[PDB]
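So the structure is just underneath, and the comments pick up after that.
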Amino acid sequence: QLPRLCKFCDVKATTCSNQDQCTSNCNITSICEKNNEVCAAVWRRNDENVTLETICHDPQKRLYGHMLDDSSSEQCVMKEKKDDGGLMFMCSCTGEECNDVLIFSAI
């Protein structure tokens, strides 16, 4: 099948909400076949300014002080990390654009 592909967009004001399923709104396709790169998508929401970032980040280093928990999973889930002043969710997945889709579930 295809190698590794994920959305590579900078963090900008997004309109995605903490819904069971959300999109990154990104429109870029970064190739990650030059390594075991993975798709990492973190969606943050501060006061009335929600920013979403999408890029090929390894679920090894904690981004924004957050650790992805679904990189090995086929479905990327938005993890709620201690965010003061706003909420920041980060998720990863070796899937394709799987990151672009930020799943938000209370549970």
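In chain A, numbers come from Swiss-Prot; the residues present are 36-142, in order.
Placed from the backbone N, Cα and C atoms, the Cβ positions cover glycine too.
Per Swiss-Prot, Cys61 makes its disulfide bond with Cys44 among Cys44, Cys51, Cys74. Listed in Swiss-Prot as the disulfide partner of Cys67, from the options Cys51, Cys57, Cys91, is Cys91. Counting in whole angstrom, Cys74 (disulfide bond) lies 5 from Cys91 (disulfide bond) by their C-alpha atoms.
Counting only residues at least six positions away in the same chain, the Cβ atoms of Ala75, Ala76, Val77, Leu103, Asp104, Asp105, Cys111, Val112, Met113, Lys114, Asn134, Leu137, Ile138 sit under 8 Å from the Cβ of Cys126 (disulfide bond).
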